[PDB]
Amino acid sequence: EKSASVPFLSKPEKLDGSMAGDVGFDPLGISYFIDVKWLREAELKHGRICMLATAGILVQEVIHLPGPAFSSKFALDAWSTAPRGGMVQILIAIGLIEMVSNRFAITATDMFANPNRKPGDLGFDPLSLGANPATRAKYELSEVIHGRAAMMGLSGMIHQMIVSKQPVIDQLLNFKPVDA
Amino acid sequence: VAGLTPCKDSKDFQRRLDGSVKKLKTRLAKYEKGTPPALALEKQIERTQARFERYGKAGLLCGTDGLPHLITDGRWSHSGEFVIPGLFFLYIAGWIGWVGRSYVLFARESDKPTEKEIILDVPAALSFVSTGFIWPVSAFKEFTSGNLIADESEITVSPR
Amino acid sequence: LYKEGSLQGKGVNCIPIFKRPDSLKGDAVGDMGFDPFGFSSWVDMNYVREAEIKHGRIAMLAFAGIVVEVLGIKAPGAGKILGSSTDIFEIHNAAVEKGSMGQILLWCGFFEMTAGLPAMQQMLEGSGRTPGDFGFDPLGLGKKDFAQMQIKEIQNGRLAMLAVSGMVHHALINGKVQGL
Amino acid sequence: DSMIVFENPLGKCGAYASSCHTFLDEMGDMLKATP
Amino acid sequence: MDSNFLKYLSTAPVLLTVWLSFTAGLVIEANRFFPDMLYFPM
Amino acid sequence: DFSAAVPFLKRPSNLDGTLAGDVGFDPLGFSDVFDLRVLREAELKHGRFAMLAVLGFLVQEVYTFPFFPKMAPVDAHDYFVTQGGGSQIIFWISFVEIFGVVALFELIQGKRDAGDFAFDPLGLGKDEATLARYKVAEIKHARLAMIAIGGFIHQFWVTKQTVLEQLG
Ligand code: CLA
Ligand SMILES: CC1=C(C#C/C(C)=C/C=C/C(C)=C/C=C/C=C(C)/C=C/C=C(\C)C#CC2=C(C)C[C@@H](O)CC2(C)C)C(C)(C)C[C@H](O)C1
Ligand SMILES: CC1=C(C#C/C(C)=C/C=C/C(C)=C/C=C/C=C(C)/C=C/C=C(C)/C=C/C2=C(C)CCCC2(C)C)C(C)(C)C[C@H](O)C1
Ligand SMILES: CCCCCCCCCCCCO[C@H]1O[C@H](CO)[C@@H](O[C@H]2O[C@H](CO)[C@@H](O)[C@H](O)[C@H]2O)[C@H](O)[C@H]1O
């Protein structure tokens, strides 16, 4: 009757514990008004993008592609210094990827029209690592927890970079507490 | 250049900038330094100077009056003046109209459409608001599938 | 359990001030009816027991190492590279500088990842492994009385934990691990 | 001519008691500070 | 929250006021951080 | 039916003595027009803030963190307002209070007991008898601390002296 994550609040009714990472954490009750399938698809997309974002912010500080355009340890500066045409190309490619991966069903009214469509399952398993039922549940839980951790880490990284004005590794190695 | 002069190199534009800055400085001369009025007037001067400099570099054309003029004929050198801004409008407006029409149909197929139109079903309304981002292809799909245009024999009309 | 009911098990309270919690069922070695905060209700007993054994073993090794360092016994050639300082903190910093502590960290972490983590995961998934069991008895000292050895290990490790903490803080205050 | 560029982040820094003033160094200094 | 109160908040004038206040804030903040934009920058 | 606390005042109808620390004291009849559960949640939030404030005053007088300037508890308010730490404490209290709003709505719906946030990390209230005794103790200490924190702050404002300094 009570949520596992927040004991004093009641268990979210729409969260039945089937989904990975479900600890009954929905204090504001979004699941009541928004389909949990849509919410989980959004959660997985956010977590995946933030996994890649954290990896990129950490890696492109140490290894870069050749060229002055790509030579920027600071990630917010890389955003501007990288070739603008290339960035627009990435945007267009992301759009085409969304379209094809979602199979033209990219809206809240048609995304899950097919009963086969499952939240977050875009048909992406190039090496077929998810075909093992024994490890599939563990992999799902790991993916959700990784997405959550990476979301928090990416937010922290972006804002600490706004504050310090230095890369993440550089900040941690040469830390200077905020003064005004 | 079309029929006017670039605004970055116009004595009229420079004179207007000078007049604005001088008005602000005259207003500032009567306030102590560091007081909120002095800081506000200084920020106003900075904003005026930044606006004039940005207008100069934007490539805007200026007439004898010293004010930027817009060339809304289709010229690609002045697209940012009407066409790209207007494309952003058309995008947003088609979004609004498409989602509103979708909600009208959703309420039409309900127990109490009038209740749904005065007291809204905001989960479904937000659903449609989300859908509205590909309204061009969606609207054309509706048109070609025949769900958009109604037949002449199915729309009420007055007698001749 | 060795000396069940007298040394350990149900109905054993090393500190009668606090009541033996019902969660402590006397099934785990080292169960002397001490858990005033009732962590045993919610914690994973096997995981926490393995944690206790690991803490105790590291603390015992640390006590031996600190005592040798303060006594001044050094391996041949250690003094030339690191130094002749007896202070534990100076020794730690010097070894970190040279690279000794880094290699120890690397290999301890490798052992953790390849042995302790898999073993702990299987034990928590119900392998039946005794907490703190790695099969490391080359000299066969535990064949005679494994349960007696287990209780002795747990208690010696607890005492070593407390002693090592005390020694570090004594070194902080007086500059001596003894603190006399 | 066009090669991936590897830049070492550590340089000569150390997690503690190093020339570089790290986050751990900041926390230690703060705990040992004097008003 | 009471479902009746939520329906009241879903009533047309409340939603119109909230949505248009949100839009006004959007435009005001856009003009506060990017002022005097008489043109799309190209 | 007169109140146990005040013999000459009639027992408030809503106050039936079920709640801890209920001695029939409500001369102005807030319980008559307002929900007693909401009022009790307010009471316990106030009292918890006040008890923690008293302990904070004392611990700040005796000890201050090495990285913070040493100052009297009241002055630390204005100091941290400008420093930015007060902003952080306010933001995080607000973050917890956002979920407090949901807890309050559930309390109105009857799914929770006022002041009962299921916060027993050390498992000190497992047995009923001790739980009821602890609840009476909590309400008593809450009220006493609510009085005492006002006493502390006002005495500092008058004497410009910390309470420990003043007591001698
Ligand atoms: C900040 C600037 C600004 C502001 C405040 C407005 C404000 C307005 N515009 Mg807009 N407009 C602007 C810039 C601006 N415009 C620019 C730059 C352009 C040039 C592209 C236009 C072009 C434009 C058009 C073409 C129309 C408006 C209309 C309107 C009014 C109603 C819009 C509406 O109900 O949308 C909510 C959306 C709907 C109700 C859905 C139906 C209507 C939209 C506009 C259809 C969009 C898609 C459609 C396929 C476009 C076909 C256009 C073609 C026939 C020419 C509103 C007062 C409308 C008007 O006055 O109608 C009497 C209108 O039809 N505007
Ligand atoms: C799925 C799949 C595949 C795949 C795949 C792939 C590519 C998987 C990639 C996974 C990745 C990149 C995961 C990254 C996770 C990052 C995390 C959790 C970061 C957390 C950061 C934190 C907490 C932080 C922080 C911090 C902050 C903010 C403050 C700082 O001062 C400190 C710190 C830095 C610590 C393949 C291709 C193999 C095919 C297969 O058939 C299917
Ligand atoms: C302003 C400000 C701040 C502040 C602040 C704060 C936190 C101010 C807090 C003020 C407080 C907590 C005042 C409390 C007053 C309590 C009274 C008068 C109780 C009377 C009880 C009685 C009479 C009980 C009677 C009892 C009753 C009824 C029944 C039993 C018998 C009897 C004994 C008779 C700072 C510090 C942040 C500084 C900043 O610059 C801004
Ligand atoms: C391969 C054949 C595919 C045919 C389909 C192509 C359709 C659309 C192509 C659009 C033109 C390509 O877009 C391009 O414009 C940008 C303008 O800043 C270029 O930007 C840059 O490009 C060059 C380097 O690659 C530099 O020499 C230019 O100085 C620089 O402007 C990018 O090269 C690319 O982003």
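The chains referred to below are lettered A, B, ... by the order of the sequence lines, with proteins before strands, and numbering in each begins at 1. Heavy-atom basis, side chains included; hydrogens, waters and symmetry copies ignored.
At a threshold of 4.5 Å between non-hydrogen side-chain atoms, the residues A:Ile57 and A:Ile158 count as touching. Using a 4.5 Å cut-off on side-chain heavy atoms (C-beta onward), F:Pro66 and D:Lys32 make no contact. F:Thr64 is not listed as a side-chain neighbour of F:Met71, based on a closest heavy-atom distance of 4.5 Å or more. A 4.5 Å side-chain heavy-atom check between B:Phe128 and B:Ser130 finds every atom pair outside the cut-off.
Within the structure, every pair that satisfies the ring-ring contact (aromatic ring centres under 6.0 Å, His included) test and touches residues 51-87 of chain F, not counting sequence neighbours, is listed here: F:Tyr63-F:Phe65, F:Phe65-F:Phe67, F:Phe68-F:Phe80. Applying the side chain to side chain donor-acceptor pair (under 3.5 Å) test to every pair with at least one member in residues 155-168 of chain F, sequence neighbours left out, gives these pairs: F:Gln155-F:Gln166, F:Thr159-F:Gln166. Under the side chain to side chain donor-acceptor pair (under 3.5 Å) criterion, the residue pairs touching residues 20-40 of chain E are B:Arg51-E:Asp36, E:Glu29-E:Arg32, with sequence neighbours excluded.
B:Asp12 has a carboxylate O that lies under 4.0 Å from a charged side-chain N of B:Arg15, or vice versa, which qualifies the two as a salt bridge. A salt bridge does not link B:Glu81 with B:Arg75: every distance from a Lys NZ or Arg NE/NH1/NH2 to an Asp or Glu carboxylate oxygen is 4.0 Å or more.
Applying the side-chain hydrogen bond (donor to acceptor under 3.5 Å, both in side chains) criterion to A:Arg148, with sequence neighbours excluded, gives A:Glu43. Contacts of A:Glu98 classified as salt bridge (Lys or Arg N to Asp or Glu O under 4.0 Å), with partners at least two apart in sequence or in another chain: A:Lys45. Partners of A:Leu58 under the side chain to side chain contact (heavy atoms under 4.5 Å, CB included) rule, at least two apart in sequence or in another chain, are A:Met157, A:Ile169. Under the rule for a ring pair (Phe, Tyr, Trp, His ring centres under 6.0 Å), the partners of F:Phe95 that lie at least two apart in sequence or sit in another chain are F:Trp92, F:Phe99. Under the rule for a side chain to side chain contact (heavy atoms under 4.5 Å, CB included), the partners of B:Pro37 that lie at least two apart in sequence or sit in another chain are B:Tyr31, B:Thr35. Here B:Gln49 pairs with nothing under the side-chain hydrogen bond (donor to acceptor under 3.5 Å, both in side chains) rule; sequence neighbours left out. Judged as a side chain to side chain contact (heavy atoms under 4.5 Å, CB included), and not counting sequence neighbours, the contacts of F:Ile93 are F:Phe49, F:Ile89, F:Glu97. Partners of B:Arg47 under the salt bridge (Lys or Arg N to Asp or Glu O under 4.0 Å) rule, at least two apart in sequence or in another chain, do not exist in this structure.
Contact between A:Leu65 and D:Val5 at its shortest, heavy atoms only, is O-CG2, 4.2 Å. The two residues A:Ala75 and A:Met161 come nearest to each other via the heavy atoms CB-CE, 3.8 Å.
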Name the atoms and distances for all side-chain donor-acceptor pairs under 3.5 Å in residues 171-178 of chain A, with sequence neighbours left out.
{"unit_1": "A:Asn174", "atom_1": "ND2", "unit_2": "A:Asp170", "atom_2": "OD1", "d": "3.1"}

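Atom OH of B:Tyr91 sits in a crowded spot, with more than 12 heavy atoms from other residues, nucleotides or ligands closer than 6.0 Å.
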